[PDB]
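Residue numbers (the deposited numbering), protein chains in the order written: chain A, 162 to 178, 182 to 210, 215 to 253, 260 to 291, 296 to 300, 304 to 312, 315 to 365, 370 to 519; chain B, 161 to 175, 179 to 211, 215 to 254, 260 to 289, 299 to 300, 305 to 313, 316 to 365, 370 to 519.
Positions of the beta carbon are idealized from the N, C-alpha and C atoms, including for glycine.
I have placed the structure first, in the form of structure tokens, so that the comments after it can refer back to it.
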Amino acid sequence: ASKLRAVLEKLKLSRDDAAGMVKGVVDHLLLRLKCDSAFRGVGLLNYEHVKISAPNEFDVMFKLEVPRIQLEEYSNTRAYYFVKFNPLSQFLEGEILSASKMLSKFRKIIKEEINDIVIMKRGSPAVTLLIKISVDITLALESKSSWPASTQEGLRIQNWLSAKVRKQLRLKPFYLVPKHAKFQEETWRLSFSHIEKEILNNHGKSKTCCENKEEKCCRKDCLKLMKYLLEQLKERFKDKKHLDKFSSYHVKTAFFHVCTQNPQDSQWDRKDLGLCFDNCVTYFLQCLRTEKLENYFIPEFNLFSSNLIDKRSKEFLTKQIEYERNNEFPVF
Amino acid sequence: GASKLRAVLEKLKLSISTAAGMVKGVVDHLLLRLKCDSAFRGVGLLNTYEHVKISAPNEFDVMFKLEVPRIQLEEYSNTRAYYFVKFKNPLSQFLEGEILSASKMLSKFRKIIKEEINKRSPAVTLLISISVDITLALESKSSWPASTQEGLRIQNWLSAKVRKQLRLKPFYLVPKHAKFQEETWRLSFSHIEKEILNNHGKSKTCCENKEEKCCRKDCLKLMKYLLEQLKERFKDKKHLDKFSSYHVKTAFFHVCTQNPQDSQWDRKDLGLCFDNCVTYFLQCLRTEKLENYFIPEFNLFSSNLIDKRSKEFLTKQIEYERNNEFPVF
Ligand SMILES: Cc1nc2c3ccccc3nc(NNC(=O)CCC(=O)O)n2n1
Ligand SMILES: Cc1nc2c3ccccc3nc(NNC(=O)CCC(=O)O)n2n1
Ligand SMILES: [Zn+2]
Ligand SMILES: [Zn+2]
Numbered sequence: 162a163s164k165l166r167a168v169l170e171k172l173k174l175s176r177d178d182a183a184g185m186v187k188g189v190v191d192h193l194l195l196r197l198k199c200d201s202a203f204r205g206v207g208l209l210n215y216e217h218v219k220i221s222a223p224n225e226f227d228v229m230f231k232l233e234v235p236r237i238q239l240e241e242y243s244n245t246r247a248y249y250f251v252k253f260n261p262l263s264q265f266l267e268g269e270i271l272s273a274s275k276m277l278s279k280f281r282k283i284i285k286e287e288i289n290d291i296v297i298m299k300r304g305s306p307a308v309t310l311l312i315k316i317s318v319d320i321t322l323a324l325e326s327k328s329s330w331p332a333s334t335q336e337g338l339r340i341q342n343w344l345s346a347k348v349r350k351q352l353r354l355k356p357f358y359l360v361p362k363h364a365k370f371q372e373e374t375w376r377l378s379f380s381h382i383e384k385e386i387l388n389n390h391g392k393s394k395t396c397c398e399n400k401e402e403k404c405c406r407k408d409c410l411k412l413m414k415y416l417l418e419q420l421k422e423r424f425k426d427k428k429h430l431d432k433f434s435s436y437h438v439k440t441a442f443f444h445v446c447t448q449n450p451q452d453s454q455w456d457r458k459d460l461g462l463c464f465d466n467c468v469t470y471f472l473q474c475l476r477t478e479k480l481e482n483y484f485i486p487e488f489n490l491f492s493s494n495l496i497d498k499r500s501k502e503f504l505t506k507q508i509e510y511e512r513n514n515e516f517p518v519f
Numbered sequence: 161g162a163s164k165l166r167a168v169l170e171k172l173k174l175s179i180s181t182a183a184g185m186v187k188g189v190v191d192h193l194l195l196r197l198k199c200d201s202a203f204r205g206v207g208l209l210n211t215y216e217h218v219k220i221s222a223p224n225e226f227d228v229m230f231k232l233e234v235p236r237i238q239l240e241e242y243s244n245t246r247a248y249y250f251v252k253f254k260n261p262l263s264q265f266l267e268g269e270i271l272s273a274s275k276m277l278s279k280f281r282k283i284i285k286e287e288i289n299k300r305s306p307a308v309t310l311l312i313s316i317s318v319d320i321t322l323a324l325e326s327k328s329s330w331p332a333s334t335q336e337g338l339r340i341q342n343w344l345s346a347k348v349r350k351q352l353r354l355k356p357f358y359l360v361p362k363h364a365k370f371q372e373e374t375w376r377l378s379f380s381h382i383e384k385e386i387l388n389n390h391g392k393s394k395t396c397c398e399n400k401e402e403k404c405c406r407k408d409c410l411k412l413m414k415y416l417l418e419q420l421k422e423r424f425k426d427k428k429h430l431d432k433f434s435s436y437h438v439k440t441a442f443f444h445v446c447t448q449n450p451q452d453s454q455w456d457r458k459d460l461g462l463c464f465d466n467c468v469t470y471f472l473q474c475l476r477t478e479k480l481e482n483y484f485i486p487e488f489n490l491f492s493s494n495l496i497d498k499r500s501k502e503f504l505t506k507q508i509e510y511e512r513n514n515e516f517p518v519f
């Protein structure tokens, strides 16, 4: 209870100290990237830390609009797709867009451009930069078409953020990122990280949530706290590969489900940070035990399916988290 | 006494599928022949219809927006709402020196419209069989003028986050003579107004379920209908010649700012809510002060625009209506 705000205090102090040096490089990369006719409309999506415990690790996403796409779902995976349709003809491999070819010149253009003042050296997160500062550059195809049919009954936020917001969110473009599946080397996975940022910073039922003292939720604090919890446990057992396949996308997804089941702002009063976090920890454990964690936008996709993560990893993380929660979280 | 009001709302809602469908075929064709002329190439329709008179469902009004990239405005004679257009372009044919001619562009707009039909800010009125008013609007994706810096004060009602979203949207300029001065453009935020009306609650789920049914949208229609009815009952008296639905809509935006909580607009208290609406509007009429919601230093009820006799005439009329359970309904 009081220890959590202690943890939240030492986390916020890591933001008073490099993101300018990040902008100086990515703005130089984007210029020469726009010179190539294949990456003409390239631009930034939203710096963003995927790891809360790594304030020197940044993550960017370079978007590129592909006009008039038609997708083909790869073997009922509901998340991975082929790209049919043109300044991308050089990257064709038949009538599909080769995720391998298009990403190869992307790596090459970056490698050529970073040599003139950095050591770009590394899937979808194709290139990582070393500046004692890290940024990972992801290439994303933008499609202003309607969302795929696998996302029809996803983003169920009507009782929390309203249906007209859901309608407006679904009018936004969606993004595709080169992810291999099973590998099949030319598949692209859907991505709504732009929608997720819209949800976290516009998170209340009331429009004035977290804008005044009487309406101060504790959502963002709960997500930071369980994000930091997994990042810590991944570091404690890093040299043992137990928690290798768990990432922040899991805890962020479990957070979105808790936001829907607890739609009212009154259920997130900052006075109850302890119980709120304890309820967040419980739901995530319930997904570990029942081996079921739907993708928040693609509900037919189980992030915790037996094909992606084994039962032994879930049981181990369960034992770790349960031990932390019973001992006032010593890993913090 | 809300029994009569809900009867009026019942009759206004029972009013129109074939009307708008006839307009959509004509407006779409006009926008295509316009798109051929080099001057009006990037022209689209803003707010992709709007009944300026809530009681006249056979009359629509569209806003043909035209993207103007190079914009450097010159505020005219401290009006803070009328401006001159400088270009810091295909509209070169309509320049009067450095000033973009609202006169030459109008006569241009007048001409090409009348060609494809083979009546005269609302540049043209067309008559289908139902009439539609078409206005031309320059769109500027630049930051809003400094006269709007202290306007749109919704931070305690819709949140400051929403205010920042709104101000990042483009603003629109329409031709409007000012005094007259023949080549001025007036500011326009009707796109922002529409956003506020259909997204009116402090809660994002307002009027979306039985628990959160408000009466904001009901009070504005009743207010608009009250003015339009008194304007017809005294159309020959010529005293209400200058009162329009924009005055009612502006005053409604002030009472939403003044009453930001959704619980203050419950649908059970429609009676008191409408009574509190008309009282603020009468208070504006007596004190002769009604700030523009976006341009706060612009008084819509200044003595230079409307004379004191007109405000007192309308004041006595609304009070006589409010004192006798609104017989004009
Ligand atoms: C940013 C992002 N977007 C998605 C995503 C989108 C749709 C469906 C499943 C998805 N799963 C994951 N992560 N799953 C992992 O195990 C991480 C390692 C990896 O994927 O290589 N992410 N991460
Ligand atoms: C759609 C719209 N936009 C504005 C507007 C914008 C900025 C400043 C003043 C403004 N005044 C008005 N209405 N004025 C009247 O009601 C009198 C008659 C008239 O002005 O023609 N409107 N109406
Ligand atoms: Zn909040
Ligand atoms: Zn409402």
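When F464/B, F503/B, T469/B, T440/B are compared, the shortest CA-CA separation from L420/B is found for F503/B. Residue range 317-326 is occupied by the beta strand (DSSP E) that includes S326/B. The beta carbon of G304/A sits closer than 8 angstroms to those of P361, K362, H363, all from its chain and outside the five residues before and after it, given in chain order. Residue contact with chain A for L344/B: present (Cβ-Cβ distance below 7 angstroms to some residue of chain A). Using a Cβ-Cβ cut-off of 8 angstroms, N389/A is close to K347 of chain B, given in chain order. Across the structure, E418/B and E478/B are spaced so that their CA atoms are roughly 20 angstroms apart.
With a cut-off of 6 angstroms, the C-beta of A247/B is classified as near ligand 2, since at least one heavy atom of the ligand falls inside that distance. Of all alpha-carbon atoms in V296/A, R246/A, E240/A, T440/A, the one lying nearest the alpha-carbon of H192/A is that of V296/A. Taking 6 angstroms as the cut-off, the C-beta of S434/B counts as close to a heavy atom of ligand 2.
In the three-state reduction of the DSSP assignment, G268/A falls in the coil class, being assigned neither a helical nor a strand state. Taking the Cβ of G337/A as the reference point, every heavy atom of ligand 4 lies at 6 angstroms or farther away. In the DSSP assignment, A307/A falls within the beta strand (DSSP E) that extends over 306-311.
Under the three-state reduction of DSSP output, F442/B falls in the helix class.
Contact check for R196/B against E325/B fails: the beta carbons are separated by 7 angstroms or more.
If only complete runs of 3 or more residues are kept, the stretch 372-402 of chain A shows the beta strand (DSSP E) at 375-378, in order along the chain. In the structure shown, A182/A falls within a coil segment according to DSSP collapsed to helix, strand and coil.
Remark: the shortest separation between the CB of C397/A and any heavy atom of ligand 3 falls under 6 angstroms.
Counting along the chain, the unbroken alpha helix (DSSP H) around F471/B starts and ends at 460-477. The closest heavy atom of ligand 2 lies 6 angstroms or more from the beta carbon of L194/B. With its beta carbon at least 7 angstroms from every one in chain A, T447/B lies outside the interface.
Restricting attention to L377/B, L359/B, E385/B, the CA atom closest to the CA of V234/B is found in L359/B.
Here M298/A carries a coil assignment [DSSP, helix/strand/coil].
For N482/A, the distance from the CB to the nearest heavy atom of ligand 1 is below 6 angstroms. Look at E398/B: its C-beta is under 7 angstroms from a C-beta on chain A.
For the stretch 417-447 of chain A, there are no residues whose beta carbon sits under 7 angstroms from a beta carbon of chain B.
For the pair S328/B and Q238/B, the Cα-to-Cα distance works out to about 9 angstroms.
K173/A sits exposed, since fewer than 16 C-beta atoms from the chains shown fall within 10 Å of its C-beta. Under the 7 angstroms criterion on CB atoms, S272/B is classed as non-interfacial with respect to chain A. Proximity of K350/A to chain B, defined by a Cβ-Cβ separation below 7 angstroms, is not satisfied.
When beta bridges are read from the DSSP output, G207/A appears opposite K231/A. Nearest in C-alpha terms to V518/A, of all of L352/A, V168/A, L311/A, is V168/A. Not a single CB atom of chain B sits nearer than 7 angstroms to the CB of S378/A. Shown here for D227/B: same chain residues with a beta carbon closer than 6 angstroms to its own, the five before and five after excluded, namely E216, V218, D319 in chain order.
Cβ contact annotation for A162/B (same chain, cutoff 6 angstroms, sequence separation greater than five): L460, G461, in chain order.
Interface flag for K384/A against chain B is unset, since no Cβ pair is found closer than 7 angstroms.
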